[PDB]
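Text of query34.txt (compact mmCIF, C-alpha atoms) as supplied:
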# COMPACT_ATOMS: atom_id res chain seq x y z
CA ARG V 3438 23.48 243.73 133.19
CA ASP V 3439 24.35 241.94 136.47
CA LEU V 3440 20.61 242.00 137.39
CA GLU V 3441 19.60 240.92 133.82
CA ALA V 3442 22.12 238.08 134.27
CA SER V 3443 20.67 237.22 137.78
CA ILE V 3444 17.10 237.40 136.48
CA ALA V 3445 17.76 235.41 133.26
CA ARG V 3446 19.09 232.28 135.06
CA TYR V 3447 16.56 232.50 137.96
CA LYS V 3448 13.54 232.81 135.58
CA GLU V 3449 14.78 229.94 133.35
CA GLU V 3450 15.05 227.86 136.57
CA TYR V 3451 11.51 228.86 137.75
CA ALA V 3452 10.06 227.97 134.33
CA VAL V 3453 11.76 224.55 134.60
CA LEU V 3454 10.17 224.43 138.09
CA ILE V 3455 6.61 225.45 137.31
CA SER V 3456 6.71 222.96 134.42
CA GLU V 3457 7.93 220.34 136.90
CA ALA V 3458 5.05 221.24 139.21
CA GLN V 3459 2.61 220.98 136.30
CA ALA V 3460 4.03 217.56 135.42
CA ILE V 3461 3.44 216.42 139.01
CA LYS V 3462 -0.13 217.75 138.74
CA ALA V 3463 -0.68 215.30 135.88
CA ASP V 3464 0.83 212.56 138.07
CA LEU V 3465 -1.56 213.46 140.89
CA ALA V 3466 -4.46 213.42 138.42
CA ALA V 3467 -3.40 209.94 137.30
CA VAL V 3468 -3.11 208.86 140.95
CA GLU V 3469 -6.50 210.23 142.03
CA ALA V 3470 -8.25 208.69 139.02
CA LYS V 3471 -6.61 205.36 139.86
CA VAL V 3472 -7.84 205.66 143.45
CA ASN V 3473 -11.45 206.24 142.37
CA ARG V 3474 -11.43 203.48 139.75
CA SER V 3475 -9.85 200.95 142.12
CA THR V 3476 -12.23 201.96 144.91
CA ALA V 3477 -15.17 201.47 142.53
CA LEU V 3478 -13.66 198.12 141.53
CA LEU V 3479 -13.40 197.19 145.21
CA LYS V 3480 -17.01 198.23 145.78
CA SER V 3481 -18.01 196.26 142.68
CA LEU V 3482 -16.01 193.31 144.04
CA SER V 3483 -17.58 193.57 147.50
CA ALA V 3484 -20.23 190.97 146.67
CA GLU V 3485 -17.70 188.55 145.17
CA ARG X 3438 -6.76 245.15 142.17
CA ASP X 3439 -7.83 245.22 138.48
CA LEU X 3440 -4.13 244.85 137.50
CA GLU X 3441 -3.56 242.12 140.17
CA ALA X 3442 -6.62 240.40 138.65
CA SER X 3443 -5.22 240.87 135.05
CA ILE X 3444 -1.76 239.68 136.12
CA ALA X 3445 -3.00 236.67 138.16
CA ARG X 3446 -4.89 235.03 135.25
CA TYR X 3447 -2.23 235.93 132.61
CA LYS X 3448 0.66 234.50 134.73
CA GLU X 3449 -1.29 231.30 135.53
CA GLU X 3450 -1.85 230.95 131.74
CA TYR X 3451 1.88 231.57 130.95
CA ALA X 3452 2.93 228.97 133.55
CA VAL X 3453 0.54 226.48 131.89
CA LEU X 3454 2.24 227.56 128.62
CA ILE X 3455 5.89 227.33 129.59
CA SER X 3456 5.10 223.92 131.09
CA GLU X 3457 3.46 222.98 127.79
CA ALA X 3458 6.59 224.15 125.95
CA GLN X 3459 8.76 222.12 128.33
CA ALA X 3460 6.59 219.06 127.69
CA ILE X 3461 7.09 219.51 123.94
CA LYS X 3462 10.84 219.77 124.58
CA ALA X 3463 10.70 216.26 126.04
CA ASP X 3464 8.75 215.16 122.96
CA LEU X 3465 11.42 216.66 120.70
CA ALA X 3466 14.10 214.91 122.75
CA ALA X 3467 12.25 211.62 122.28
CA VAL X 3468 11.92 212.34 118.55
CA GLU X 3469 15.58 213.27 118.00
CA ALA X 3470 16.79 210.22 119.94
CA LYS X 3471 14.51 208.05 117.81
CA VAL X 3472 15.96 209.61 114.65
CA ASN X 3473 19.54 208.86 115.70
CA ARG X 3474 18.79 205.31 116.84
CA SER X 3475 16.81 204.48 113.68
CA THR X 3476 19.50 206.06 111.50
CA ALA X 3477 22.13 203.95 113.27
CA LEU X 3478 19.88 200.92 112.78
CA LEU X 3479 19.61 201.79 109.08
CA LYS X 3480 23.39 202.16 108.84
CA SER X 3481 23.78 198.86 110.70
CA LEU X 3482 21.24 197.32 108.30
CA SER X 3483 23.01 198.72 105.22
CA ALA X 3484 24.99 195.51 104.69
CA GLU X 3485 21.91 193.29 105.11
CA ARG C 3728 -42.12 179.31 127.19
CA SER C 3729 -39.70 177.60 124.79
CA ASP C 3730 -37.83 180.82 123.99
CA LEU C 3731 -37.46 181.72 127.67
CA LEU C 3732 -36.05 178.30 128.57
CA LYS C 3733 -33.49 178.71 125.79
CA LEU C 3734 -32.76 182.27 126.93
CA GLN C 3735 -32.50 181.27 130.60
CA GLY C 3736 -30.27 178.34 129.70
CA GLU C 3737 -27.87 180.65 127.87
CA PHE C 3738 -28.10 183.27 130.63
CA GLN C 3739 -27.19 180.81 133.39
CA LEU C 3740 -24.41 179.48 131.16
CA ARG C 3741 -22.96 182.98 130.72
CA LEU C 3742 -23.01 183.72 134.45
CA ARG C 3743 -21.04 180.53 135.13
CA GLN C 3744 -18.37 181.60 132.63
CA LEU C 3745 -18.40 185.10 134.12
CA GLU C 3746 -17.71 183.87 137.65
CA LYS C 3747 -15.12 181.40 136.35
CA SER C 3748 -13.32 183.98 134.20
CA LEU C 3749 -13.37 186.59 136.98
CA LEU C 3750 -11.89 184.03 139.38
CA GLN C 3751 -9.24 183.11 136.79
CA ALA C 3752 -8.25 186.77 136.38
CA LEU C 3753 -7.45 187.09 140.09
CA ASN C 3754 -5.75 183.67 140.08
CA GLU C 3755 -3.44 184.39 137.12
CA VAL C 3756 -2.34 187.98 137.85
CA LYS C 3757 1.13 188.58 139.29
CA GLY C 3758 2.14 191.28 141.73
CA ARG C 3759 -0.76 193.65 142.37
CA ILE C 3760 -3.99 194.17 140.45
CA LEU C 3761 -3.57 197.96 140.34
CA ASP C 3762 -0.17 197.65 138.65
CA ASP C 3763 -1.69 196.28 135.42
CA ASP C 3764 -4.58 198.43 134.19
CA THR C 3765 -5.57 195.64 131.78
CA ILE C 3766 -6.61 193.40 134.68
CA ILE C 3767 -8.68 196.25 136.13
CA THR C 3768 -10.46 196.79 132.80
CA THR C 3769 -11.15 193.06 132.41
CA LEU C 3770 -12.68 192.82 135.89
CA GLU C 3771 -14.94 195.80 135.18
CA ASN C 3772 -16.06 194.32 131.85
CA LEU C 3773 -16.75 190.93 133.45
CA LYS C 3774 -18.59 192.65 136.30
CA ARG C 3775 -20.48 194.88 133.85
CA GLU G 3196 -8.75 173.06 143.90
CA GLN G 3197 -11.73 175.36 144.47
CA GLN G 3198 -10.47 176.30 147.94
CA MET G 3199 -7.11 177.15 146.37
CA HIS G 3200 -8.65 179.69 143.98
CA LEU G 3201 -10.83 181.23 146.70
CA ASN G 3202 -7.84 181.76 148.99
CA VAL G 3203 -5.85 183.36 146.16
CA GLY G 3204 -8.83 185.43 145.06
CA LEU G 3205 -9.49 186.63 148.60
CA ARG G 3206 -5.84 187.54 149.21
CA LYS G 3207 -5.63 189.60 146.01
CA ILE G 3208 -8.67 191.62 147.09
CA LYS G 3209 -7.21 192.14 150.57
CA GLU G 3210 -3.91 193.25 149.04
CA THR G 3211 -5.83 195.62 146.75
CA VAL G 3212 -7.49 197.28 149.76
CA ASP G 3213 -4.00 197.82 151.18
CA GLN G 3214 -2.69 199.24 147.90
CA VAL G 3215 -5.30 202.00 147.70
CA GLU G 3216 -4.67 202.91 151.35
CA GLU G 3217 -1.01 203.67 150.64
CA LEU G 3218 -1.94 205.15 147.26
CA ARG G 3219 -4.27 207.57 149.04
CA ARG G 3220 -1.34 208.23 151.38
CA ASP G 3221 0.79 208.72 148.27
CA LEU G 3222 -1.95 210.96 146.86
CA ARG G 3223 -1.73 213.12 149.99
CA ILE G 3224 2.08 213.10 149.75
CA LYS G 3225 1.97 214.20 146.10
CA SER G 3226 -0.42 217.00 147.10
CA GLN G 3227 2.11 218.15 149.70
CA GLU G 3228 4.83 218.11 147.03
CA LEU G 3229 2.68 220.32 144.80
CA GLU G 3230 2.13 222.79 147.64
CA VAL G 3231 5.87 222.99 148.35
CA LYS G 3232 6.88 223.27 144.69
CA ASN G 3233 4.20 225.85 143.88
CA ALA G 3234 5.07 227.98 146.92
CA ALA G 3235 8.80 227.80 146.16
CA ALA G 3236 8.25 228.73 142.48
CA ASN G 3237 5.96 231.74 143.24
CA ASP G 3238 8.51 233.29 145.68
CA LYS G 3239 11.19 232.84 142.96
CA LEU G 3240 8.98 234.65 140.37
CA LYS G 3241 8.57 237.41 143.04
CA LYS G 3242 12.41 237.70 143.43
CA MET G 3243 12.37 238.01 139.70
CA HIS U 3534 -30.69 155.86 157.05
CA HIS U 3535 -27.88 153.35 157.62
CA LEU U 3536 -25.22 156.06 157.36
CA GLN U 3537 -27.10 158.05 160.01
CA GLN U 3538 -27.08 155.11 162.42
CA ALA U 3539 -23.35 154.70 161.73
CA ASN U 3540 -22.57 158.41 162.35
CA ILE U 3541 -21.32 158.76 158.76
CA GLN U 3542 -21.64 162.41 157.76
CA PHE U 3543 -23.48 163.25 154.54
CA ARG U 3544 -25.47 166.24 153.33
CA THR U 3545 -29.22 165.85 152.80
CA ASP U 3546 -29.86 169.03 150.76
CA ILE U 3547 -28.15 168.57 147.38
CA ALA U 3548 -29.91 166.24 144.96
CA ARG U 3549 -28.03 163.26 143.56
CA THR U 3550 -28.30 164.60 140.00
CA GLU U 3551 -26.72 167.92 141.00
CA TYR U 3552 -23.88 166.25 142.92
CA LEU U 3553 -22.94 163.86 140.09
CA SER U 3554 -23.17 166.25 137.12
CA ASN U 3555 -22.51 169.91 136.37
CA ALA U 3556 -24.88 172.41 134.79
CA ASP U 3557 -22.71 172.56 131.67
CA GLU U 3558 -23.09 168.82 131.06
CA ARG U 3559 -26.84 168.94 131.70
CA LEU U 3560 -27.15 171.76 129.15
CA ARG U 3561 -25.46 169.61 126.51
CA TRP U 3562 -27.58 166.60 127.50
CA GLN U 3563 -30.71 168.62 126.72
CA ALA U 3564 -29.27 169.51 123.31
CA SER U 3565 -28.81 165.75 122.75
CA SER U 3566 -32.60 165.33 123.21
CA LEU U 3567 -32.37 163.90 126.73
CA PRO U 3568 -35.77 164.33 128.43
CA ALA U 3569 -35.90 166.96 131.18
CA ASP U 3570 -36.49 164.42 133.92
CA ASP U 3571 -34.58 163.54 137.09
CA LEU U 3572 -34.55 159.80 136.36
CA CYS U 3573 -33.41 160.54 132.80
CA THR U 3574 -30.67 162.77 134.22
CA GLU U 3575 -29.68 159.96 136.59
CA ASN U 3576 -29.46 157.62 133.60
CA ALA U 3577 -27.22 160.08 131.74
CA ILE U 3578 -24.85 160.18 134.73
CA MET U 3579 -24.76 156.37 134.65
CA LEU U 3580 -24.05 156.48 130.90
CA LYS U 3581 -21.05 158.72 131.64
CA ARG U 3582 -19.55 157.31 134.88
Give the structure from this file in structure tokens form.
Amino acid sequence: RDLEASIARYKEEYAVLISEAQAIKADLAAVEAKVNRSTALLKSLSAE
Amino acid sequence: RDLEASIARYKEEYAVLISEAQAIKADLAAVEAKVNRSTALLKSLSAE
Amino acid sequence: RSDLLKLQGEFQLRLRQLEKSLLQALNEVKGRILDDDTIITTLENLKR
Amino acid sequence: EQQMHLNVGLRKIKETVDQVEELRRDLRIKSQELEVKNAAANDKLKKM
Amino acid sequence: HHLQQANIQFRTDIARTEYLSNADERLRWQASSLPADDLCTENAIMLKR
């Protein structure tokens, strides 16, 4: 029961964590897409 | 190795899942807060 | 010949508005361009 | 008046080139955060 | 020629019609049945300025 009590809390915490990591993955995806679009905009604005 | 291969994919999938469940929890939190604020607005608009 | 002169007159007219509008977009935006995705979309559409 | 717009238009483009440089740096930083969070979460699932 | 002998700087590339009117105004002038001629364009500038 002491281990089931250790495990319960730790696993809840790690689920909160992997979800936090997944949320950051979406943030990185938004960042990398913004880099490519702005770089293409800069290349498209090179002539101007 | 066949079990480590079964486990790897399944656990990656469950991490994508618990993160999806956590994301929905934020959606439910946004929904329940919107219910309380709109209900308070309706109560505040009862006289009008 | 008559249709082309009308077409070329409109085409040169449109390019002048396009360079004017694109200049206005950079001259009326506050902060940074990347902050507002609307400005980025407008520049791409004007460039396109 | 024309020289005023050109100077503003040029400076917005130059600022934009700077923004993506730090955003790429931010993109690398966010990647490092994912590596740290993912590694920390996996070891926790192992302790589980 | 006189400006050259006086060292007064002026460009010799742009035509007088282009320097005294914009393309937008010339487009409308054509719609008003103004002949597509440089002297006619010069007259239109005079009729405006």
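You will find atom CA of residue V:3448 at 18.8 Å from atom CA of residue X:3461.
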### Task
Do a neighbour search on residue G:3219 at 9 Å with all atoms listed in the file, toss out local chain neighbours closer than 6 positions, and write the hits as a list in words.
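What passes the distance filter is residues 3468, 3469 and 3472 of chain V.
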### Task
For residue X:3459, please output as a PyMOL selection string all residues within 9 Å (counting all atoms listed in the file; exclusion window: fewer than 6 positions along the same chain).
chain V and resi 3452-3453+3456-3457
Result of fitting chain X to chain V over every paired C-alpha, as a PDB file with C-alpha atoms, in the frame of the given file:
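Output file result16.pdb follows:
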ATOM      1  CA  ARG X3438      23.480 243.734 133.190  1.00  0.00           C
ATOM      2  CA  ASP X3439      24.348 241.943 136.478  1.00  0.00           C
ATOM      3  CA  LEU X3440      20.611 242.000 137.383  1.00  0.00           C
ATOM      4  CA  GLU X3441      19.596 240.916 133.819  1.00  0.00           C
ATOM      5  CA  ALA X3442      22.124 238.081 134.273  1.00  0.00           C
ATOM      6  CA  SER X3443      20.677 237.218 137.781  1.00  0.00           C
ATOM      7  CA  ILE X3444      17.101 237.407 136.475  1.00  0.00           C
ATOM      8  CA  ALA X3445      17.756 235.406 133.262  1.00  0.00           C
ATOM      9  CA  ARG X3446      19.090 232.287 135.057  1.00  0.00           C
ATOM     10  CA  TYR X3447      16.558 232.496 137.956  1.00  0.00           C
ATOM     11  CA  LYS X3448      13.539 232.811 135.574  1.00  0.00           C
ATOM     12  CA  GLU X3449      14.781 229.945 133.354  1.00  0.00           C
ATOM     13  CA  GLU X3450      15.055 227.856 136.573  1.00  0.00           C
ATOM     14  CA  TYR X3451      11.515 228.866 137.743  1.00  0.00           C
ATOM     15  CA  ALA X3452      10.057 227.969 134.324  1.00  0.00           C
ATOM     16  CA  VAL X3453      11.757 224.548 134.600  1.00  0.00           C
ATOM     17  CA  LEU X3454      10.168 224.427 138.094  1.00  0.00           C
ATOM     18  CA  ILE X3455       6.610 225.450 137.309  1.00  0.00           C
ATOM     19  CA  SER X3456       6.712 222.962 134.427  1.00  0.00           C
ATOM     20  CA  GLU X3457       7.935 220.338 136.893  1.00  0.00           C
ATOM     21  CA  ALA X3458       5.046 221.235 139.216  1.00  0.00           C
ATOM     22  CA  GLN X3459       2.610 220.984 136.301  1.00  0.00           C
ATOM     23  CA  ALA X3460       4.023 217.561 135.423  1.00  0.00           C
ATOM     24  CA  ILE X3461       3.441 216.419 139.010  1.00  0.00           C
ATOM     25  CA  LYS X3462      -0.123 217.746 138.741  1.00  0.00           C
ATOM     26  CA  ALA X3463      -0.679 215.295 135.885  1.00  0.00           C
ATOM     27  CA  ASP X3464       0.822 212.560 138.067  1.00  0.00           C
ATOM     28  CA  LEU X3465      -1.568 213.461 140.888  1.00  0.00           C
ATOM     29  CA  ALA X3466      -4.457 213.420 138.418  1.00  0.00           C
ATOM     30  CA  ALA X3467      -3.397 209.941 137.303  1.00  0.00           C
ATOM     31  CA  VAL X3468      -3.110 208.861 140.949  1.00  0.00           C
ATOM     32  CA  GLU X3469      -6.502 210.231 142.036  1.00  0.00           C
ATOM     33  CA  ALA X3470      -8.248 208.687 139.020  1.00  0.00           C
ATOM     34  CA  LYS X3471      -6.610 205.363 139.864  1.00  0.00           C
ATOM     35  CA  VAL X3472      -7.845 205.655 143.457  1.00  0.00           C
ATOM     36  CA  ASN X3473     -11.443 206.244 142.368  1.00  0.00           C
ATOM     37  CA  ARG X3474     -11.429 203.485 139.750  1.00  0.00           C
ATOM     38  CA  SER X3475      -9.844 200.943 142.121  1.00  0.00           C
ATOM     39  CA  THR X3476     -12.232 201.953 144.907  1.00  0.00           C
ATOM     40  CA  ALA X3477     -15.165 201.465 142.527  1.00  0.00           C
ATOM     41  CA  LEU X3478     -13.660 198.117 141.524  1.00  0.00           C
ATOM     42  CA  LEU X3479     -13.397 197.194 145.212  1.00  0.00           C
ATOM     43  CA  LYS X3480     -17.012 198.238 145.782  1.00  0.00           C
ATOM     44  CA  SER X3481     -18.018 196.262 142.685  1.00  0.00           C
ATOM     45  CA  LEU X3482     -16.003 193.312 144.034  1.00  0.00           C
ATOM     46  CA  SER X3483     -17.580 193.569 147.502  1.00  0.00           C
ATOM     47  CA  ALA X3484     -20.239 190.971 146.671  1.00  0.00           C
ATOM     48  CA  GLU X3485     -17.701 188.547 145.164  1.00  0.00           C
TER      49      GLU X3485
END
### Task
Calculate how many Å separate atom CA of residue C:3741 from atom CA of residue U:3557, rounding to one decimal.
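Atom CA of residue C:3741 sits 10.5 Å away from atom CA of residue U:3557.
Our summary of the geometry notes that atom CA of residue V:3484 is positioned 10.6 Å from atom CA of residue C:3774.
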Expected axis-aligned box over every listed atom of stretch 3561-3577 of chain U, 8 Å added per side, centre plus edges in Å to one decimal, as AutoDock Vina command-line options:
--center_x -31.0 --center_y 163.6 --center_z 129.9 --size_x 27.0 --size_y 28.0 --size_z 30.3
### Query
Taking into account all atoms listed in the file, which residue in the set C:3728, C:3770, C:3775, C:3764 is nearest to residue C:3748?
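Closest candidate: C:3770.
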### Query
Of the residues G:3201, G:3231, G:3218, G:3243, which is the one nearest to residue V:3465, using all atoms listed in the file?
G:3218
### Message
Could you tell me which residues of chain G sit within 12 Å of chain X when counting only C-alpha atoms, and give me the result as a PyMOL selection string?
### Response
chain G and resi 3233+3236-3237+3240-3241
### Message
Counting only C-alpha atoms, find residues at most 10 Å from (-30.8, 159.4, 137.8) (file frame) and give them as an MDAnalysis selection string.
### Response
chainID U and resid 3548:3551 3553 3570:3579
#### Entry: 8 Å contact set for residue C:3740, only C-alpha atoms, chain neighbours under 3 positions out, as number ranges by chain
C: 3736-3737, 3743-3744; U: 3556-3557
### Task
Within 12 Å of residue V:3443, counting only C-alpha atoms, which residues show up once you throw out same-chain ones fewer than 5 positions away? Write them as number ranges by chain, please.
V: 3438, 3448-3450; G: 3239, 3242-3243
Report the closest atom pair, with its distance in Å rounded to one decimal, for each residue of chain U that has an atom no farther than 12 Å from chain C; count all atoms listed in the file, sort by chain and then rising residue number, and write it as JSON lines.
{"residue": "U:3555", "atom": "CA", "partner": "C:3743", "partner_atom": "CA", "distance": 10.8}
{"residue": "U:3556", "atom": "CA", "partner": "C:3740", "partner_atom": "CA", "distance": 8.0}
{"residue": "U:3557", "atom": "CA", "partner": "C:3740", "partner_atom": "CA", "distance": 7.1}
{"residue": "U:3558", "atom": "CA", "partner": "C:3740", "partner_atom": "CA", "distance": 10.7}
{"residue": "U:3559", "atom": "CA", "partner": "C:3736", "partner_atom": "CA", "distance": 10.2}
{"residue": "U:3560", "atom": "CA", "partner": "C:3736", "partner_atom": "CA", "distance": 7.3}
{"residue": "U:3561", "atom": "CA", "partner": "C:3736", "partner_atom": "CA", "distance": 10.5}
{"residue": "U:3563", "atom": "CA", "partner": "C:3736", "partner_atom": "CA", "distance": 10.2}
{"residue": "U:3564", "atom": "CA", "partner": "C:3733", "partner_atom": "CA", "distance": 10.4}
{"residue": "U:3569", "atom": "CA", "partner": "C:3732", "partner_atom": "CA", "distance": 11.6}
Hey, can you spit out that residue selection with C-alpha atoms as a CSV table (one decimal), keeping the file's coordinate frame?
chain,number,residue,atom,x,y,z
U,3555,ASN,CA,-22.5,169.9,136.4
U,3556,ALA,CA,-24.9,172.4,134.8
U,3557,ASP,CA,-22.7,172.6,131.7
U,3558,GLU,CA,-23.1,168.8,131.1
U,3559,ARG,CA,-26.8,168.9,131.7
U,3560,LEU,CA,-27.2,171.8,129.2
U,3561,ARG,CA,-25.5,169.6,126.5
U,3563,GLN,CA,-30.7,168.6,126.7
U,3564,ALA,CA,-29.3,169.5,123.3
U,3569,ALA,CA,-35.9,167.0,131.2
### Message
Quick check: residues of chain C within 12 Å of chain V, only C-alpha atoms, returned as a list in words.
### Response
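Selected residues: residues 3745, 3746, 3747, 3749, 3750, 3753, 3759, 3760, 3761, 3762, 3763, 3764, 3766, 3767, 3768, 3769, 3770, 3771, 3772, 3773, 3774 and 3775 of chain C.
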### Counting all atoms listed in the file, chain G residues within 10 Å of chain C, as a PyMOL selection string
chain G and resi 3199-3208+3210-3211+3214-3215
